[PDB]
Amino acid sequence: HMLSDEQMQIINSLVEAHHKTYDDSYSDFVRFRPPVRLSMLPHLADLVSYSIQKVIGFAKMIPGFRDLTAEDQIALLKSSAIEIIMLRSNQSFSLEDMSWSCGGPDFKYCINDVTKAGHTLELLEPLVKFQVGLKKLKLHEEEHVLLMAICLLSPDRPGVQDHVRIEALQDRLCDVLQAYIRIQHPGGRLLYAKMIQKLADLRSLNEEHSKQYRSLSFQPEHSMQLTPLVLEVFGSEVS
């Protein structure tokens, strides 16, 4: 068994989409309001807002995403954006430091940094355990981007209209991922099941983040520190 021409074209475009939207130099970060050690909410608001723009760019290059209706595109992004940021952040995460390292000690985020942005160990503990278990998977970049696309293209999200179309798109991506792992990932007989478990964990992380984000968004002295894009994407408006 091997992968088809169409299956690897999907992988090609998804890999290119991610390289174009994830900048390993992190040099854009000096443009954010600086970190301060809710001391850290300005910096992390800007970080997340910047990351949302990159997730929108990645999404737009997923085969078939741009052909969905504008509402479905919004629906999928409003529900999944925080999950994709959590998944994509694994690339900067270090097992050795148990934190996210983004090219410079100013842009090294530990758990305590995120408590100074208004969050609690009720979210930060499962998040760090998620990152470490995901890092231990040692995913190929191919598998990493496929999982982001699969996560994004979930039809079981609030607001989606074209359930049938989104599922067919996600089905094809899962097919690609299962085949890639069997053929290209030595010893990956259990990998696909683990990755689908991580998608389950993200739903739980999403739920907890939304809960804690409501606290921020309901206190104007904190919500005023957010960005207009963050207010939109994480807000409760429905199209």
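In this text, residue numbers run from 1 along the sequence as written. Whichever C-alpha set is largest while still superposing within 1.5 Å between the two forms counts as the rigid core.
After superposing on the rigid core, the larger RMS C-alpha deviation in 9 other deposited structures of this protein belongs to 178-186, the other candidate being whichever of 178-186 and 191-199 remains. The stretch that moves more in 9 other deposited structures of this protein, judged by CA deviation after a rigid core superposition and choosing between 146-154 and 97-105, is 97-105. The entry shows a gap from residue 37 to residue 38, with 10 or more unmodelled residues of the deposited sequence in between.
Mean CA B-factor, 230-238 versus 3-11: the higher value falls on 3-11. Set 91-99 against 76-84 and average the Cα temperature factors; 91-99 ends up higher.
Of the candidates 193, 41, 205, 52, the deposited coordinates give 193 the top C-alpha B factor. Residue set 152, 168, 117, 145: peak C-alpha B-factor at 168 (per PDB entry). Looking at the C-alpha B-factors along this chain, the one for residue 225 belongs to the lowest third. Ranked against the other modelled residues of its chain, the C-alpha B-factor of residue 59 as given in the entry falls in the lowest third. Sort the modelled residues of the chain by CA B factor and residue 28 lands in the middle third.
Ranked against the other modelled residues of its chain, the C-alpha B-factor of residue 189 as given in the entry falls in the highest third. In the deposited entry, the Cα temperature factor of residue 177 places it in the middle third of its chain's modelled residues.
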